[PDB]
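Okay, so here's the structure we're looking at.
Basis: the model, the stated rules and, where named, an outside source; these are not laboratory values. Positions of Cβ are backbone-derived with ideal geometry, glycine not excepted, and every protein chain shown enters the neighbour counts.
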Amino acid sequence: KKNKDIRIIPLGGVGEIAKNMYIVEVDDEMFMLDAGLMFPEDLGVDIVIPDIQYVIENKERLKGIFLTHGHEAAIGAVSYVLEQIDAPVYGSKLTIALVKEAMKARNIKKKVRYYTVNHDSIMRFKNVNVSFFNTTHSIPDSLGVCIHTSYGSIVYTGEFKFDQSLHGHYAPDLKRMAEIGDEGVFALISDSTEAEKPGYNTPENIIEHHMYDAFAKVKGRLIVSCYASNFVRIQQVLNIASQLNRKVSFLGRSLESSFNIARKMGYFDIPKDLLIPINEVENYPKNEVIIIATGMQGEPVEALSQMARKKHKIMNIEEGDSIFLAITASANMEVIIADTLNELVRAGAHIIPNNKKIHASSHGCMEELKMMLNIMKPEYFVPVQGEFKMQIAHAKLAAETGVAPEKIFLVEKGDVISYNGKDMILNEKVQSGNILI
Ligand SMILES: [Mn+2]
């Protein structure tokens, strides 16, 4: 049908990192794109979520919740949303499997209407059709969202990248993206996390090969520090462990929720009886094991500080152990890294150097964001998922790719972008904020 009004409203993910949540309204129908949390600005063990009081005041029109990927930045606030509102949850195979976990983990029995979607799904509503396309990210079964209106598509990319080595459940949809482009994009909502970094990311194959060559020189025990969110990195050391006749052991007695669900669903490639439990590590010589230390915020680095300063509940460093920090150093956590480096050197461990000519990220750098802009060729553009400078960087790339400058909108949380059908205006503000927990 001919649509009249379009509204686009960020309640999270702008003027901050993480906590994606973008409200889109087409006439009398509202769609919530992602529902993320955020860890509180520079103490662990607590979470922040968006203020959905605007959604609650218009709860009769919320036709669903669409989840791009299974990161806490996309699904971390779903449970809390669902306490206050009943509405159907759309996501990929994995994304849904993990939302279910998050619910069971908070001992919530309330039944939820789930729909598993894929890149061939076309979910039909009264005014609009929602479709999807595959994106490349650090977690598999990531999707973009496309809301078909008569003014054209409203595309939300989620978090995404363009990597030439990832080709599985990480493969991008060059073709349906190119289709979305021609059909015509009204508005593109894209991830500005690394819009400041020029050029491209380092391909994951290259990062893996660099890790291998370094890990091949280690004559004693090896400990690798990951984010739990970065399934690609996890996967990579598993590959390497196999190729060096080593075995892998995660910190703790139980494997991490996300990883273990995805493993059980067959997302990872793990040769049989490669994982040794943390119980049975002393049994094998130093040179036959990689220990993987995962975490959420800075826990990965916090964990190494305990393992060196001997005070780790589970296992500690001994002299001769080699260490690898498989994370990028944001300025936030540049401090506690250097503190921890010292503590590791005191403990008498070899720090495997981080190659400075490598830039590793879940998110497209400048040229990767221009890749997505050149394929969608959007009329209007709205950079999200970043601080103010990050959104500005992305805005400039949009201009470069031929988007009209007057049609590029930088928005704080609660800003409302309306479309009468003639002009697009930012002539309203609504309720938004941070809700600690
Ligand atoms: Mn992500």
**Prompt:** Of the residues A393, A326, which single one is among the small types (G, A, S) and assigned by TED's automatic domain parsing to the domain that holds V24?
**Reply:** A393
**Prompt:** Quick check, is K396 surrounded by fewer than 17 Cβ atoms within 10 Å (Cβ to Cβ), out of contact with any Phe, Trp or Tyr (no Cβ under 6 Å at 6 or more places or on another chain) and assigned to a loop (DSSP other than H, G, I, E, B)?
**Reply:** no
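Looking only at residues that are hydrophobic (A, V, I, L, M, F, W, C) and within 16 Å of the ligand (Cβ to nearest atom) in region 353-406, which one is farthest from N201 (Cα to Cα)?
Taking region 353-406 as the starting set, the residues that turn out to be hydrophobic (A, V, I, L, M, F, W, C) are 358, 360, 365-366, 369, 371-373, 375-376, 381-382, 384, 388, 390, 392-393, 395, 397-399, 403-404.
Right, trim to within 16 Å of the ligand (Cβ to nearest atom) and you get 360, 365, 369, 372, 384, 390.
On the way: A360: 6, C365: 6, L369: 11, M372: 15, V384: 19, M390: 16 Å.
Filtering region 353-406 for residues that are hydrophobic (A, V, I, L, M, F, W, C) and within 16 Å of the ligand (Cβ to nearest atom), the one farthest from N201 (Cα to Cα) comes out as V384.
Report those strands (runs of 3 or more DSSP E) wholly inside region 113-164 carrying at least 1 residues which are crowded, with 21+ Cβ neighbours inside 10 Å and within 16 Å of the ligand (Cβ to nearest atom). Spell out how you get there, then give the answer.
Values: elements: 114-116, 122-124, 129-134, 143-148, 153-156.
Ranges flagged: 129-134, 143-148, 153-156.
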**Request:** Determine, yes or no, whether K407 is more than 26 Å from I49 (Cβ to Cβ), surrounded by 15 or more Cβ atoms within 10 Å (Cβ to Cβ) and basic (K, R).
**Result:** yes
**Prompt:** Looking at region 66-89, is at least one residue more than 19 Å from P10 (Cα to Cα), of a type outside the set (V, I, T), within 16 Å of the ligand (Cβ to nearest atom) and buried (at least 18 other Cβ atoms within 10 Å of the Cβ)?
**Reply:** yes
**Message:** So, in region 119-146, how many residues would count as being under 21 Å from the mean Cα position of the chain (by Cα) and among the aliphatic types (A, V, I, L, M)?
**Reply:** 3
**Request:** Mind checking which helices (runs of 4 or more DSSP H) fall wholly inside region 225-312 and carry at least 3 residues that are within 16 Å of the ligand (Cβ to nearest atom)?
**Result:** 231-243, 257-264
**Item:** Complete set of residues in region 53-104 that are touching a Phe, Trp or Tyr at 6+ places or on another chain (Cβ under 9 Å) and within 19 Å of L436 (Cα to Cα)
**Value:** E72
**Asked** If the Cβ limit is 6 Å and pairs must be 6+ apart or interchain, which residue in region 148-171 that is under 23 Å from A18 (Cα atoms) pairs with which residue that is in a loop (DSSP other than H, G, I, E, B) and away from the ligand (no atom under 14 Å from the Cβ)?
**Response** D163/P203
**Prompt:** Does any residue in region 359-381 that is in a helix (DSSP H, G or I) come within less than 6 Å, Cβ to Cβ, of a residue that is aromatic (F, W, Y) six or more places away or on a different chain, and which pairs are these?
**Reply:** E367/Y200; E368/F162; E368/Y200; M371/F162
